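Residue numbers (UniProt numbering), protein chains in the order written: chain A, 569 to 620, 644 to 681; chain B, 40 to 87, 91 to 220; chain C, 808 to 816, 827 to 851, 869 to 880.
Beta carbons: idealized from backbone N, C-alpha and C, even for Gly.
Right, one structure below, let's go through it.
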Amino acid sequence: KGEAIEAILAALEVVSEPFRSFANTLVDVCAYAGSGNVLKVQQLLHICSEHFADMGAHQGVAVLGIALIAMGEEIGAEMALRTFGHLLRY
Amino acid sequence: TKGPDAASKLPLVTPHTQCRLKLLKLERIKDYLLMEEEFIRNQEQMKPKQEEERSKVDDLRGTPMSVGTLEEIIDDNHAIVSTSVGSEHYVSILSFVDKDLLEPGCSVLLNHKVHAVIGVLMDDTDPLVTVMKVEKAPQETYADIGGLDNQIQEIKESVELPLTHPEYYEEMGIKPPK
Amino acid sequence: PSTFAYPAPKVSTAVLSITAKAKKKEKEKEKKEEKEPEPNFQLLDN
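Pasting the structure below:
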């Protein structure tokens, strides 16, 4: 249920970083579990692309969210395979 | 090991007919493609040790580096390498070369001036052979064959099923038709 | 005196399939959320 998590992230903004970033990323990912949102996967890829533990926890949850949102459809999973390989070798 | 270098292929679009569902599928594939492009374009740009070792190795190696054939291994730091023109040279094996791969008949990489062995060429595959490898898989799938069912079943049991479900053959005790 | 003298002292992927509509929808969500007296007589010291 990704239509009722914006307030959740707003509330989570209170907690201090870097755990705040990890919590926000994980909550956002679990909000759109299987929804196949291209924009949210794009934000997750942005998060993964930036290199800073907990900061690495952000990227780990971002990759897990990429998989979660991509699992909805066959095309999404097949393309996420290539994206995951690319980000593994890079 | 050098596992399979399977040909790359994009997923298949089912609608075929120019309906908006096909447009959505192609748009999703393009979105993931742009996704990968942006990610890998930011990686190097967004990117800001081993550099010292790499520089030392490359400065010792020098360029250009000749590719020759290793004829024999005399000592742990000496070998006889025959240059491409057929002339044999008693060159010195440098430290930064895994002695395990150094076997007679391998294509060794040599310094241009002193001819000292600096690396072993792994692939060195004949260019007339590397062309044969199928990189872009053809778009014609099984649904693109009318009938030829028995034939499809036989070919699958010979070349396709053994990889996917080798359990059946292993339990039955019969090596799949190769 | 000020006028003339001592001088000096990640691209968001287009994703037009979904991204353009998403941007317009976010714009809608935001909408619902919403020298002349220059010292030409520059003074100077000795």
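Note the first and the last residue of the continuous alpha helix (DSSP H) segment covering residue i.
i: residue 635(A); result: The model of chain A omits the segment between 620 and 644, and residue 635(A) is among the residues lacking coordinates.
i: residue 596(A); result: 587 to 599
i: residue 654(A); result: 645 to 661
i: residue 184(B); result: No alpha helix (DSSP H) holds residue 184(B); DSSP gives it neither H nor E.
i: residue 120(B); result: From DSSP, residue 120(B) is part of no alpha helix (DSSP H) but of the beta strand (DSSP E) over 120 to 124.
i: residue 149(B); result: Residue 149(B) -> not in any alpha helix (DSSP H); beta strand (DSSP E) instead, spanning 149 to 152.
i: residue 78(B); result: 59 to 85
i: residue 193(B); result: 191 to 197
i: residue 614(A); result: 606 to 617
i: residue 828(C); result: Note, residue 828(C): premise wrong, no alpha helix (DSSP H); not H, not E.
i: residue 97(B); result: 92 to 103
i: residue 171(B); result: 169 to 172
Can you tell me the Cα-Cα spacing of residue i and residue j, whole angstroms?
i: residue 111(B); j: residue 183(B); result: 43 angstroms
i: residue 95(B); j: residue 154(B); result: 21 angstroms
i: residue 620(A); j: residue 835(C); result: 29 angstroms
i: residue 185(B); j: residue 833(C); result: 32 angstroms
i: residue 653(A); j: residue 588(A); result: 14 angstroms
i: residue 105(B); j: residue 163(B); result: 15 angstroms
i: residue 142(B); j: residue 177(B); result: 31 angstroms
i: residue 85(B); j: residue 78(B); result: 10 angstroms
i: residue 55(B); j: residue 660(A); result: 25 angstroms
i: residue 599(A); j: residue 573(A); result: 6 angstroms
i: residue 658(A); j: residue 212(B); result: 34 angstroms
i: residue 196(B); j: residue 209(B); result: 18 angstroms
i: residue 175(B); j: residue 42(B); result: 14 angstroms
i: residue 669(A); j: residue 80(B); result: 21 angstroms
i: residue 814(C); j: residue 876(C); result: 15 angstroms
i: residue 605(A); j: residue 172(B); result: 40 angstroms
Quick check on this structure: which residue in the options has the alpha carbon closest to the alpha carbon of residue i?
i: residue 647(A); options: 610(A), 585(A), 602(A) and 569(A); result: 585(A)
i: residue 828(C); options: 205(B), 55(B) and 76(B); result: 76(B)
i: residue 101(B); options: 109(B), 138(B), 85(B) and 91(B); result: 138(B)
i: residue 603(A); options: 569(A), 670(A) and 676(A); result: 569(A)
i: residue 126(B); options: 187(B), 147(B) and 98(B); result: 147(B)
i: residue 839(C); options: 608(A), 573(A) and 582(A); result: 608(A)
i: residue 53(B); options: 42(B), 43(B), 65(B) and 44(B); result: 65(B)
i: residue 611(A); options: 650(A), 579(A) and 681(A); result: 650(A)
i: residue 130(B); options: 152(B), 168(B), 169(B) and 99(B); result: 152(B)
CB residue i to CB residue j, shorter than 9 angstroms?
i: residue 109(B); j: residue 149(B); result: yes
i: residue 596(A); j: residue 577(A); result: yes
i: residue 132(B); j: residue 115(B); result: no
i: residue 48(B); j: residue 158(B); result: no
i: residue 113(B); j: residue 124(B); result: yes
i: residue 810(C); j: residue 871(C); result: no
i: residue 67(B); j: residue 160(B); result: no
Quick test of your reading: residue i and residue j, contact by CB under 8 angstroms. State the CB separation rounded to the nearest angstrom.
i: residue 73(B); j: residue 831(C); result: 7 angstroms
i: residue 71(B); j: residue 674(A); result: 7 angstroms
i: residue 591(A); j: residue 582(A); result: With 8 angstroms as the limit, residue 591(A) and residue 582(A) do not qualify as a contact, their Cβ atoms being about 10 angstroms apart.
i: residue 50(B); j: residue 665(A); result: 7 angstroms
i: residue 617(A); j: residue 181(B); result: That pair is no contact at about 32 angstroms.
i: residue 808(C); j: residue 878(C); result: 7 angstroms
Starting from residue i, trace the beta strand (DSSP E) both ways and give me its first and last residue.
i: residue 112(B); result: 108 to 117
i: residue 134(B); result: 130 to 134
i: residue 160(B); result: 159 to 163
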